[PDB]
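Only one chain is included here, represented as structure tokens and corresponding to the form deposited without the named molecule.
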């Protein structure tokens, strides 16, 4: 099948992301166990080696709406992360594909904000706990 890789976060990072969701009163918030950042979304599978260790990968981000393929207005925290961009480029160097114009690392915070709008720039220590790799439907 395809390949999906994402990063999961430390307990302190998850606490900060849930605080952001609660403080903004977001509808349809992503559950704590589901918070993540996609690295690889490839229709082809390659032997990507998940990372080992834990460390900070971003210290800030900006809110943006990323429409989903079903037409939902999802709200995300968009980051500039040398680490995540380098891991995406590692997957590409191994042969993975990414059928979108650009890779823009982000953490989805709400699945669907309806007609609402949200704007902001946030300081959040984003600490990688682990990466996971799995088959993509």
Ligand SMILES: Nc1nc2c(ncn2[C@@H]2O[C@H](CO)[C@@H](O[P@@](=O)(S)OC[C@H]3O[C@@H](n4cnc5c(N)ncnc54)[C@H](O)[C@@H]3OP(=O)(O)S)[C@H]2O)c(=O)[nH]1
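Numbering follows the first chain given and starts at 1.
When the two stretches 83-91 and 96-104 are set side by side, the higher mean Cα temperature factor goes to 96-104.
Of the two segments examined, 49-57 and 108-116, it is 49-57 that shows the higher average Cα temperature factor in the deposited entry. In the PDB entry, residue 134 places in the middle third of its chain by CA B-factor.
The deposited CA B-factor of residue 72 belongs to the highest third of values across its chain. The entry lists a Cα temperature factor for residue 14 that places it in the lowest third of the chain's modelled residues.
As for the form deposited with the named molecule bound, it is not shown, yet the points below apply to it.
Ligand-free form, site status open: the named molecule, modelled in by superimposing site C-alphas onto its pose in the deposited bound form, keeps every atom beyond 2.4 Å of backbone and C-beta atoms. Looking at the named molecule in the deposited bound form, residues 4, 66 and 104 each place a heavy atom within 4.5 Å of it. Using a 4.5 angstroms limit between non-hydrogen atoms, residue 108 touches the named molecule in the deposited bound form. In the deposited bound form, residue 74 approaches the named molecule with a heavy atom inside 4.5 Å.
Not displayed here, the named molecule is approached by residue 41 to within 4.5 Å at the level of heavy atoms in the deposited bound form. Shown alone here, residue 88 lies farther than 4.5 Å from the named molecule in the deposited bound form, counting heavy atoms only.
Shown without its partner, the chain has 134, 135, 136, 137 in segment 117-137 as residues with a non-hydrogen atom within 4.5 angstroms of the named molecule in the deposited bound form.
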